[PDB]
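Enquirer: structure for this input, please:
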Amino acid sequence: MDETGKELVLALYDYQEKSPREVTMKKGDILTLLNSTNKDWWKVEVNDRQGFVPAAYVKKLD
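Expert: Numbering: from 1, shown residues only. Next up is the structure itself:
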């Protein structure tokens, strides 16, 4: 149940948090998905900070 932990994202490019709804991710990091009901911004958790990341800098690993 809640098989969300099977699908993770790979930060292809680094991104600095510009607004509190976002989150800072370093390129090369594997992040856990919290929400994918968007094609533009995915909600992920980085270490202890949660926020949305631009799908242009991050890809899903099938």
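Enquirer: what ranges does the chain have for its strands?
Expert: Under the criterion DSSP state E, strands of the chain are mapped to 8-11, 30-35, 41-46, 49-54, 58-61.
Enquirer: nearest to residue 21, of those strands?
Expert: Put simply, out of those the one that sits nearest residue 21 is strand 49-54, at 5.7 Å, with distance taken as Cβ to Cβ. Quick note: C-beta positions are derived from backbone N, CA and C, even for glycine.
Enquirer: on that earlier part again, just say which of the strands of the chain is most tucked in.
Expert: Taking mean count of other Cβ atoms under 10 Å as the contact definition, the stretch among those with the greatest mean neighbour count is strand 41-46, which reaches a mean of 19.
Enquirer: ok, back up a step: the strands of the chain: which one's closest to residue 22?
Expert: When these are ranked by distance to residue 22, counting by Cβ to Cβ, first place goes to strand 49-54 at 4.7 Å.
Enquirer: what packs against the closest one?
Expert: In terms of contacts (3 or more Cβ pairs under 8 Å, 6 or more residues apart in numbering; DSSP states H and E), strand 49-54 is packed against strand 41-46.
Enquirer: CA atoms only: put the strand it packs on into CSV for me.
Expert: Backbone C-alpha positions of strand 41-46 (Å, rounded to 0.1, in the frame of the first residue of the first chain) are rendered in CSV as follows:
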residue,chain,number,x,y,z
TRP,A,41,6.5,20.9,-10.7
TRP,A,42,6.9,17.7,-8.6
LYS,A,43,6.8,17.7,-4.8
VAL,A,44,9.8,16.0,-3.3
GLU,A,45,11.7,15.7,0.0
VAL,A,46,15.3,16.7,0.1
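Enquirer: just the angle between that strand and strand 30-35, please?
Expert: For strand 41-46 against strand 30-35, the angle by axes from the mean of the first three to the mean of the last three Cα atoms, to 10 degrees is 130 degrees.
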